[PDB]
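> Input: one structure, supplied below.
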Amino acid sequence: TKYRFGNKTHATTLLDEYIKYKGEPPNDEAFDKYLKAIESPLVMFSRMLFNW
Amino acid sequence: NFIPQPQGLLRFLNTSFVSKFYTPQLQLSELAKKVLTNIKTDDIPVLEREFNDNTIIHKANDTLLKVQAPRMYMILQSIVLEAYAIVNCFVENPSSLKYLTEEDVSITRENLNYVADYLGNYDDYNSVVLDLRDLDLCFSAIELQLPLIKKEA
Amino acid sequence: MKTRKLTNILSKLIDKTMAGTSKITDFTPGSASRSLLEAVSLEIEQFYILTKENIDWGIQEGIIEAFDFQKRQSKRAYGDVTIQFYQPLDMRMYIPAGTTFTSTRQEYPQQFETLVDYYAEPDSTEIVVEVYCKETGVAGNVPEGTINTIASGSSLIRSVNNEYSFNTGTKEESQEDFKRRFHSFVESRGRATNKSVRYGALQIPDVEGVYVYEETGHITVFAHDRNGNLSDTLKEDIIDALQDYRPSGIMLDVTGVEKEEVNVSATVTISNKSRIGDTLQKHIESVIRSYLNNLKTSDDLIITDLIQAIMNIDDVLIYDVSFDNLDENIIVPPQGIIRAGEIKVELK
């Protein structure tokens, strides 16, 4: 709500990784991972019938 | 009851060296004069698409004859108006064909030869001359056939 | 060879006939001989012109056949279509796949069709679904309020309308763009240089408008797609492609590009008072927004190109354009791209 970009599932994935790694993941990509993620049968019968 | 015209043709139509064989006279036909006034005053319908990439589309405007030889450019406009005028009546509203006469087309062909010969000097812009030569023989057929059409009709 | 006009050929024929032991003959207008000579000269001029055109076409065809460099095909037009219902849906509804969207105006009879399934959830008075133009051409760049028909539509639908014009469909690849890309390829034959890395980055169809900023023992490439994003798979593909073209023994890196937003607040003067309307304002806004997009990286916000582009729609109808705050060109950094921006039209 307080920022331009918002999402539930994408943010939840970051939280799950953040929780599992106890807030100290091996790489800083996890913090920026959320930011980069967010910015016929009827036809066939009719067609073949026309062809014949 | 008029077909809408292209935007490019509408824009085009609404406004020393000398050849020894044929020369111009800058004379306008009576029929051509009437069509010019109608387009100038009445807001004729126009098209929005420009799919047809022929005639003046990227050939009459792309060439530098507009800025280099404006007097020659005036001749091309006169031929287009005369060419458009004769095509207008036969396709629709043939009542305006009465004003046309033999001398109207005779002067037009002489103008076409003069501008055509001048364009022959330029090697890059022979594409315009390609259509003019084909159009040149079209007017001659009308010149040798127009008197019979009016009497027949 | 050298182009020969009708008059020179006719003069040469007349000179040859006079010098060919023939004094009785005359070349006055209206004579059969003069007409035949003129026809022959016109035939020869036609042959020369067609020969020159065939030479140009053969040069183009030989350049195409030479090497493995060829132009890419056109892109199908696509956009967003808005649906308005009489009342919010009480229950979930399923749109059958392949639903056809068309219009009724004679100028734009082109059809559209959906590629993926969509569902209309209940308590939703509107739904937006992407569409694609079946015909490959610029005809899909319809103006605002053109697509107003839907096939296999239920009675719940009240209206069909597209909020913005597509302005995405394109014809075949332009000659100038193909020539420029070929120049990039020819300049990129010598590997281990800026141009080689440039061509290696630009050869992928998806990426567009990359920039290279060489540094001391460090190479940075700010690659982005037409949408300004950089997915991981496309980034890895670009890195793998550049690996062959990458100079040996030096670091390479890529970190996408950062977007910037500026509000132009343009104002335009229109000669025709009657033609002024909301539709023209929306068209101008869409044109300016599209011009903001599809812009490469590391180029200043030039205003001259903007005014010449917007004025290209109609030289006579559009009189003049002026701006309030962005008169001076805005210098963009290597990692900055001018894509976003809110446009407000203030007609005088």
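Note on naming: chains are A, B, ... as they come in the structure tokens, residues start from 1 per chain, ligands start from 1 in the order shown.
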Write out as a ChimeraX atom specification which residues come within 9 Å of residue C:286 when counting only C-alpha atoms, dropping same-chain ones fewer than 3 positions away.

/C:164-167,281-283,289-291,343

> Include N, CA and C atoms and write out the residues we just selected as a compact mmCIF listing (two decimals), in the first residue's frame.


# COMPACT_ATOMS: atom_id res chain seq x y z
N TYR C 164 -7.11 2.16 -25.95
CA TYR C 164 -5.97 2.76 -26.62
C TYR C 164 -5.73 2.07 -27.96
N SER C 165 -5.26 2.85 -28.93
CA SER C 165 -4.88 2.29 -30.22
C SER C 165 -3.67 1.38 -30.06
N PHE C 166 -3.56 0.39 -30.95
CA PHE C 166 -2.50 -0.60 -30.84
C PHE C 166 -1.14 0.04 -31.09
N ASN C 167 -0.92 0.55 -32.30
CA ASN C 167 0.35 1.19 -32.69
C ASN C 167 1.53 0.25 -32.44
N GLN C 281 -7.19 14.16 -29.20
CA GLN C 281 -6.36 14.27 -28.00
C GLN C 281 -5.87 12.90 -27.55
N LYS C 282 -6.76 11.90 -27.54
CA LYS C 282 -6.35 10.55 -27.17
C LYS C 282 -5.34 9.99 -28.16
N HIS C 283 -5.53 10.26 -29.45
CA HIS C 283 -4.58 9.79 -30.45
C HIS C 283 -3.21 10.42 -30.24
N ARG C 289 3.06 8.59 -26.09
CA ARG C 289 3.44 7.51 -25.18
C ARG C 289 4.17 6.39 -25.92
N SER C 290 3.72 6.06 -27.13
CA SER C 290 4.43 5.05 -27.92
C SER C 290 5.82 5.54 -28.32
N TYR C 291 5.95 6.83 -28.63
CA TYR C 291 7.26 7.38 -28.94
C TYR C 291 8.19 7.29 -27.74
N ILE C 343 1.41 11.96 -19.80
CA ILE C 343 1.23 12.98 -20.83
C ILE C 343 -0.11 13.67 -20.60

> Just asking: which residues within stretch 164-337 of chain C are helix (DSSP H, G or I) according to DSSP, as a VMD selection string?

chain C and resid 175 to 187 194 to 202 232 to 245 278 to 292 303 to 311

> Could you write out as a PyMOL selection string the residues of chain C within 8 Å of chain B, counting only C-alpha atoms?

chain C and resi 3-7+46+49+107

> Please save N, CA and C atoms of the selected residues as a PDB file, in the first residue's frame.


ATOM      1  N   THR C   3      22.416   5.989 -68.570  1.00  0.00           N
ATOM      2  CA  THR C   3      21.042   6.142 -69.029  1.00  0.00           C
ATOM      3  C   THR C   3      20.992   7.043 -70.256  1.00  0.00           C
ATOM      4  N   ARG C   4      20.255   6.607 -71.274  1.00  0.00           N
ATOM      5  CA  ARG C   4      20.058   7.359 -72.506  1.00  0.00           C
ATOM      6  C   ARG C   4      18.592   7.756 -72.615  1.00  0.00           C
ATOM      7  N   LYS C   5      18.342   9.052 -72.768  1.00  0.00           N
ATOM      8  CA  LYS C   5      16.983   9.565 -72.857  1.00  0.00           C
ATOM      9  C   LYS C   5      16.475   9.496 -74.296  1.00  0.00           C
ATOM     10  N   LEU C   6      15.182   9.789 -74.455  1.00  0.00           N
ATOM     11  CA  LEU C   6      14.538   9.658 -75.759  1.00  0.00           C
ATOM     12  C   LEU C   6      15.121  10.634 -76.774  1.00  0.00           C
ATOM     13  N   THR C   7      15.366  11.879 -76.358  1.00  0.00           N
ATOM     14  CA  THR C   7      15.799  12.904 -77.304  1.00  0.00           C
ATOM     15  C   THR C   7      17.165  12.579 -77.896  1.00  0.00           C
ATOM     16  N   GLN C  46      13.057   2.549 -72.152  1.00  0.00           N
ATOM     17  CA  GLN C  46      12.412   1.619 -71.232  1.00  0.00           C
ATOM     18  C   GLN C  46      13.342   0.463 -70.897  1.00  0.00           C
ATOM     19  N   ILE C  49      16.012   1.730 -68.451  1.00  0.00           N
ATOM     20  CA  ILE C  49      15.480   1.959 -67.109  1.00  0.00           C
ATOM     21  C   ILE C  49      15.231   0.630 -66.403  1.00  0.00           C
ATOM     22  N   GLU C 107     -13.317   0.604 -43.144  1.00  0.00           N
ATOM     23  CA  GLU C 107     -11.896   0.902 -43.286  1.00  0.00           C
ATOM     24  C   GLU C 107     -11.023  -0.147 -42.608  1.00  0.00           C
TER      25      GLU C 107
END

> How close does chain C get to chain A? List, as JSON lines, each residue of chain C within 10 Å, its nearest atom pair and the distance in Å to one decimal, counting only C-alpha atoms.


{"residue": "C:96", "atom": "CA", "partner": "A:40", "partner_atom": "CA", "distance": 9.5}
{"residue": "C:97", "atom": "CA", "partner": "A:40", "partner_atom": "CA", "distance": 7.8}
{"residue": "C:98", "atom": "CA", "partner": "A:40", "partner_atom": "CA", "distance": 7.9}
{"residue": "C:227", "atom": "CA", "partner": "A:39", "partner_atom": "CA", "distance": 9.3}
{"residue": "C:228", "atom": "CA", "partner": "A:39", "partner_atom": "CA", "distance": 9.0}
{"residue": "C:229", "atom": "CA", "partner": "A:39", "partner_atom": "CA", "distance": 7.2}
{"residue": "C:230", "atom": "CA", "partner": "A:36", "partner_atom": "CA", "distance": 8.5}
{"residue": "C:231", "atom": "CA", "partner": "A:37", "partner_atom": "CA", "distance": 8.5}
{"residue": "C:232", "atom": "CA", "partner": "A:36", "partner_atom": "CA", "distance": 9.7}
{"residue": "C:256", "atom": "CA", "partner": "A:36", "partner_atom": "CA", "distance": 9.8}

> Write out as a VMD selection string each polymer residue whose atoms come within 12 Å of residue C:304, counting only C-alpha atoms; drop sequence neighbours fewer than 6 positions from it.

chain C and resid 310 to 311 321 to 323 326 to 329

> Go ahead and save the residues from that selection, with N, CA and C atoms, as a PDB file, in the first residue's frame.


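And here's selection_36.pdb as it stands now:
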ATOM      1  N   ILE C 310       5.694  13.843 -33.932  1.00  0.00           N
ATOM      2  CA  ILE C 310       4.274  14.116 -33.725  1.00  0.00           C
ATOM      3  C   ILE C 310       3.721  14.959 -34.872  1.00  0.00           C
ATOM      4  N   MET C 311       4.525  15.886 -35.400  1.00  0.00           N
ATOM      5  CA  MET C 311       4.098  16.667 -36.556  1.00  0.00           C
ATOM      6  C   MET C 311       4.008  15.826 -37.823  1.00  0.00           C
ATOM      7  N   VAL C 321       3.878  23.128 -31.771  1.00  0.00           N
ATOM      8  CA  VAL C 321       3.974  22.428 -30.496  1.00  0.00           C
ATOM      9  C   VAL C 321       4.974  23.171 -29.620  1.00  0.00           C
ATOM     10  N   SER C 322       4.664  23.271 -28.329  1.00  0.00           N
ATOM     11  CA  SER C 322       5.528  23.928 -27.359  1.00  0.00           C
ATOM     12  C   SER C 322       5.509  23.131 -26.062  1.00  0.00           C
ATOM     13  N   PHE C 323       6.507  23.387 -25.216  1.00  0.00           N
ATOM     14  CA  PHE C 323       6.677  22.674 -23.959  1.00  0.00           C
ATOM     15  C   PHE C 323       7.022  23.671 -22.862  1.00  0.00           C
ATOM     16  N   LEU C 326      10.483  20.929 -20.083  1.00  0.00           N
ATOM     17  CA  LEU C 326      11.461  20.047 -20.710  1.00  0.00           C
ATOM     18  C   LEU C 326      11.977  20.600 -22.034  1.00  0.00           C
ATOM     19  N   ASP C 327      12.096  21.924 -22.147  1.00  0.00           N
ATOM     20  CA  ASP C 327      12.647  22.511 -23.366  1.00  0.00           C
ATOM     21  C   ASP C 327      14.092  22.079 -23.579  1.00  0.00           C
ATOM     22  N   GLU C 328      14.891  22.078 -22.515  1.00  0.00           N
ATOM     23  CA  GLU C 328      16.272  21.628 -22.602  1.00  0.00           C
ATOM     24  C   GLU C 328      16.335  20.107 -22.635  1.00  0.00           C
ATOM     25  N   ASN C 329      17.276  19.581 -23.415  1.00  0.00           N
ATOM     26  CA  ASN C 329      17.443  18.138 -23.510  1.00  0.00           C
ATOM     27  C   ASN C 329      17.929  17.570 -22.183  1.00  0.00           C
TER      28      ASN C 329
END

> Using only C-alpha atoms, determine which residues lie at most 8 Å from stretch 79-87 of chain B, disregarding the query and same-chain residues fewer than 2 positions distant; provide the list as a count of residues only.

17

> Can you work out the spacing between atom CA of residue C:84 and atom CA of residue C:156 in Å, to one decimal?

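Atom CA of residue C:84 sits 8.7 Å away from atom CA of residue C:156.
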
> One number please: atom CA of residue C:9 to atom CA of residue C:41, in Å, one decimal.

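Interatomic distance here is 5.6 Å.
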
> Leaving out stretch 258-266 of chain C and any residue of its chain fewer than 5 positions from it, which residues lie within 6 Å of it when counting only C-alpha atoms, given as a JSON list (two decimals) with C-alpha atoms, in the first residue's frame?


[["chain", "number", "residue", "atom", "x", "y", "z"],
["C", 323, "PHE", "CA", 6.68, 22.67, -23.96],
["C", 335, "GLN", "CA", 21.95, 2.82, -17.13],
["C", 336, "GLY", "CA", 18.94, 5.15, -17.61],
["C", 337, "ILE", "CA", 16.11, 4.60, -20.09],
["C", 338, "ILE", "CA", 13.24, 7.04, -20.69],
["C", 340, "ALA", "CA", 7.59, 5.87, -18.41],
["C", 341, "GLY", "CA", 5.88, 9.25, -18.29],
["C", 342, "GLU", "CA", 2.44, 10.84, -17.92],
["C", 343, "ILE", "CA", 1.23, 12.98, -20.83],
["C", 344, "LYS", "CA", -1.27, 15.82, -20.38],
["C", 345, "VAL", "CA", -2.45, 17.68, -23.49]]

> How many Å lie between atom CA of residue B:64 and atom CA of residue C:62, rounded to one decimal?

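Atom CA of residue B:64 sits 29.0 Å away from atom CA of residue C:62.
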